[PDB]
Amino acid sequence: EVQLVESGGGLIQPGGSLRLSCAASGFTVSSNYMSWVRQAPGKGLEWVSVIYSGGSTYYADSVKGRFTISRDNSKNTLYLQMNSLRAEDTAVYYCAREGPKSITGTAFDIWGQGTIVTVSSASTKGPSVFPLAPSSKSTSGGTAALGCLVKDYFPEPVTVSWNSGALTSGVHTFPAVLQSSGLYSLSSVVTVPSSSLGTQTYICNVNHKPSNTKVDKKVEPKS
Amino acid sequence: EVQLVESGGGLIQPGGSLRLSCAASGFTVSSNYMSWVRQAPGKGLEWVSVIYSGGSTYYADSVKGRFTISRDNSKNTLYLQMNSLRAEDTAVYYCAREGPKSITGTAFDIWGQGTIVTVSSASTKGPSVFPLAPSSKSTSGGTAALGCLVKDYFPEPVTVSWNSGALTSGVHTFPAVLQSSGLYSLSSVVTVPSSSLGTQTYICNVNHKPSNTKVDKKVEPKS
Amino acid sequence: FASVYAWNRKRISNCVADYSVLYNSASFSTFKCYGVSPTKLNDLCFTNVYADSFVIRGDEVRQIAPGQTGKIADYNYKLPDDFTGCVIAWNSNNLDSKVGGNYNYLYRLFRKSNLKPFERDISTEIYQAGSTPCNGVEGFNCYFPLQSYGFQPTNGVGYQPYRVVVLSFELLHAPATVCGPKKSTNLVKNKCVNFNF
Amino acid sequence: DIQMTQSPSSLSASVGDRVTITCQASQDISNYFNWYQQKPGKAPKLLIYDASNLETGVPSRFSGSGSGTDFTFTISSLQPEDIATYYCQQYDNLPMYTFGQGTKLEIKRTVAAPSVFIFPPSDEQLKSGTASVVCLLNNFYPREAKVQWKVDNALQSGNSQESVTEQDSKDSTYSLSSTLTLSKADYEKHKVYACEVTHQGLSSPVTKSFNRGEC
């Protein structure tokens with residue numbers, strides 16, 4: 001009953017001025033020690049900034065002079081006013097409350113599931129989808145696998161679900177791959193009893209959040 | 001011989017800086033009292049701003065501090081420099097000349113057919129078109145109806161004509177409907193003698209002006 | 001009184017001016033002083049006082065002030081930006097408004113360019129809004145430049161006629177001129193006294 | 001300030017009649033009052049101004065009167081070439097131009113039953129994975145029509161949307177389009193799609209229907 005959602009992310013060129021909106025529920029953000037923590041892809045975590053509940057501000061000294069924190073005490077939103085990038089700040093950005101849990105000592109005790117921020121320009125692009133049909137070369141005994149290939153997109157956060165989120169058994173989305181062309185690609189596959197090749201519904205729901213792409217593709221055995 | 005066309009509109013997020021270009025013909029806009037008047041969907045009209053022909057500016061006090069008027073006296077264009085929205089300014093915006101027509105009293109006497117401005121983000125999207133075939137379930141005696149269904153688009157102003165604007169008899173485009181998905185949809189239908197089911201040309205010309213979509217779809221009786 | 005587009009201009013001169021009979025007359029609906037607060041007028045001396053007179057609507061009295069805009073201050077009567085005098089105004093519905101409409105009080109509603117301060121323009125050329133030349137005849141984008149208040153006695157306040165007088169004290173570089181009265185007491189005798197003659 | 005209220009909002013006009021819309025105000029004005037007409041879709045035009053003095057292009061109808069608080073706009077009848085929206089404007093020395101709300105009008109044409117027509121979803125859309133089922137009601141006076149969708153004789157609630165056209169300037173009728181939206185999967189689970197229209201010009205309701213998958 002205390003999760004804060006941050007609105008932002010999306011791509012951008014080196015030198016932009018994107019700012020992020022961390023909106024909280026369950027507590028005042030004008031009375032707590034809210035803080036920002038990022039972590040690079042395949043790297044360790046790193047502190048970014050904090051604000052005290054009287055107005056003071058502090059920065060991580062690698063991102064100082066270019067970042068700004070502010071809050072809306074009547075809207076319960078926490079702002080990371082970012083500008084003048086240097087194209088190493090591509091990371092996932094988390095919010096955290098800093099609250100004491102001892103007679104001596106304090107801690108981060110509630111987090112916000114992170115939002116992706118990327119930078120490099122190269123514009124963006126929507127995904128191209130194909131269904132990878134269940135086949136006897138994929139079939140073995142009691143089960144057979146089918147999936148959806150979603151390829152050639154820049155704006156990293158993309159999602160593919162199976163049957164509007166119905167099937168959770170065997171559904172496995174593999175990490176996206178970055179081609180030489182500069183665009184990402186991935187494929188998500190799920191196994192299902194071989195007695196059930198075409199029988200039930202298996203429609204992959206592709207949603208691209210930086211763009212506004214939403215397409216449902218049905219996967220059926222090969223002709 | 002005196003109609004002014006305004007270039008602008010299109011969608012936009014809350015906080016944008018879109019400005020509109022009202023270009024006039026038949027009179028100087030550096031010698032008249034040009035004014036802007038908007039009206040919300042399903043609401044009454046509301047004055048916005050005016051400029052006198054010496055340089056003065058006035059605002060409607062609900063949109064003051066965020067709007068700006070200017071003119072080009074060598075291009076005959078009237079500018080509404082708008083910025084810093086609040087997402088209630090979704091309206092149709094009209095230009096008007098303010099000219100006297102009495103020994104005492106003045107009036108708006110020529111208008112500019114309006115241009116739509118919308119705000120909410122949710123990006124934009126192109127329409128998906130299907131032809132609704134003429135059928136015996138639509139046929140009754142001497143006439144039968146056929147049409148085109150243009151659905152799932154955000155950027156509100158969309159148009160469908162019949163045969164490049166040829167048929168004006170029975171052609172009726174119904175008001176677009178706003179779905180829960182957030183996208184609009186509509187269907188335009190026309191009746192034509194039942195002796196003429198497939199005989200002549202009935203091609204719906206779909207044009208989406210915020211995007212650049214132009215597609216012609218033929219409607220023929222069901223197989 | 002005088003129209004708003006051709007105001008009058010009286011040049012008060014060497015005299016004994018008593019702005020107290022003005023200031024306390026309580027008959028004035030508006031008495032603003034800009035260069036100088038009102039009570040200290042009967043204690044100063046200038047070179048010339050000008051008095052301008054005209055008649056406007058009721059809610060147009062807020063454009064007679066330094067630094068305003070509107071059809072009156074733009075091109076009928078413009079006050080400089082470092083004004084010095086005072087502006088006085090009072091309602092005159094019973095004198096100037098007549099049943100059926102008093103169409104003798106005009107104002108200018110079109111001009112090429114805003115007035116310079118204290119500049120006056122009584123011409124009556126056909127205005128030309130659009131690019132098409134006018135050739136002295138009316139028509140679209142060729143407008144007569146003067147309109148008339150049709151004042152009527154059953155008009156809500158803010159549409160009834162107000163009479164306005166703008167006093168402007170100026171100080172060129174002469175040797176002196178009009179000043180306020182010289183209150184004098186009584187002369188006593190046969191007592192060591194402190195006197196000023 | 002001054003706000004003017006227009007009392008009779010969207011009355012009913014019969015051909016060969018009269019109509020008097022009525023508007024009043026705050027603290028009184030005098031002849032600074034224009035009436036406008038905006039057709040359903042176009043830009044507004046001016047047709048009165050001052051209080052009366054018709055505009056050059058307006059016909060012998062459309063008279064106006066009143067001069068101190070109350071103003072009355074009057075038509076020698078209700079030409080089918082109307083059904084627009086009529087606003088009232090005032091203004092003042094200081095910048096400002098308060099448009100009063102406005103009315104509509106309407107008409108009273110004879111009872112006309114709708115032509116009904118049902119359209120199954122196009123094969124292109126079933127590829128995409130969704131089925132729109134359109135039902136059209138063509139020309140009709142009383143707009144108080146009911147569209148009941150039925151799927152295999154089950155009355156369908158909460159998956160339809162309607163819209164209706166402006167009263168037609170020629171024959172004073174209405175036209176209505178109801179769209180039923182289903183998934184491809186759910187579409188393929190039933191057979192008969194029916195659209196049952198109820199209306200005053202019909203003695204008993206009309207159903208147009210098709211059978212999914214029958215050329």
Side-chain angles (χ1 to χ4, degrees), chain B residues 3 35 37 39 43-47 49-50 56 58-61 94 96 98 101-102 104-114 128-135 137-141 143-147 149 151-152 170 172-179 185-189 191 222-223, chain D residues 6 31-34 36 38 41-46 48-51 53 55-56 85 87 89 91 94-102 115-125 128 130 132 134-136 138-139 161-166 168 175-177 179 181 195 207-210 215:
Chain B
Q3 61 301 28
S35 179
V37 160
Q39 63 94 31
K43 296 291 161 305
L45 262 67
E46 169 174 4
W47 180 66
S49 284
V50 77
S56 295
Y58 293 100
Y59 305 108
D61 176 277
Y94 297 89
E98 193 267 341
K101 274 185 295 308
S102 175
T104 183
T106 57
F108 299 143
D109 51 356
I110 187 65
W111 295 67
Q113 311 102 59
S128 147
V129 190
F130 300 125
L132 312 92
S135 208
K137 47 207 157 192
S138 325
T139 312
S140 147
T143 325
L146 35 58
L149 182 169
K151 68 181 315 302
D152 282 340
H172 254 188
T173 192
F174 284 72
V177 65
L178 198 276
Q179 314 165 171
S185 324
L186 81 92
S187 228
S188 163
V189 74
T191 81
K222 294 165 177 55
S223 320
Chain D
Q6 294 191 351
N31 319 92
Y32 302 146
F33 178 84
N34 310 330
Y36 288 89
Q38 171 190 130
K42 304 294 179 67
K45 324 150 184 177
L46 176 130
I48 298 291
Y49 87 68
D50 255 351
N53 331 31
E55 192 35 77
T56 76
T85 289
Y87 296 97
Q89 175 215 354
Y91 44 87
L94 129 59
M96 199 28 154
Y97 299 78
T98 66
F99 279 72
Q101 19 292 46
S115 348
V116 193
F117 332 99
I118 179 164
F119 303 107
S122 73
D123 294 308
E124 199 190 359
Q125 201 196 7
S128 77
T130 282
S132 330
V134 180
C135 186
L136 160 70
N138 215 56
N139 290 37
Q161 288 178 77
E162 299 176 352
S163 55
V164 173
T165 68
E166 300 316 278
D168 196 72
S175 292
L176 181 156
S177 131
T179 306
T181 313
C195 168
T207 308
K208 295 298 157 170
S209 73
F210 69 91
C215 282

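Below, chains carry the letters A, B, ... as their sequence lines are ordered, and counting in each starts from 1.
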Options D/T85, D/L176, D/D168, ranked by heavy-atom pairs under 4.5 Å with chain B, top entry: D/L176

Any side-chain heavy-atom pair of B/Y94 and D/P44 under 4.5 Å: yes

Sub-4.5 Å side-chain heavy-atom contact between B/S135 and D/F117: no

Interface residue of largest heavy-atom contact number with chain B, from D/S132, D/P120, D/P121, under 4.5 Å: D/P120

D/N139 side chain to B/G170 backbone, donor-acceptor under 3.5 Å: no

Interchain contact, D/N31 with chain B, by part (heavy-atom threshold 4.5 Å): neither

Region of D/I118 in contact with chain B, defined by heavy-atom distances below 4.5 Å: both

Residues forming a side-chain contact (heavy atoms from CB on, under 4.5 Å) with B/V50, sequence neighbours excluded: B/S35, B/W47, B/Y52, B/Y58

Option that, when pairs with chain B are counted at under 4.5 Å, heavy atom only, ranks first among D/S115, D/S163, D/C215: D/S163

Aromatic ring pairing D/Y36/B/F108, orientation class (parallel under 30°, perpendicular over 60°, tilted between): tilted

D/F210: ring pair (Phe, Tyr, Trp, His ring centres under 6.0 Å) partners, not counting sequence neighbours: D/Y193

Chain B interface, residue from D/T181, D/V164, D/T179 that has the most non-hydrogen pairs under 4.5 Å: D/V164

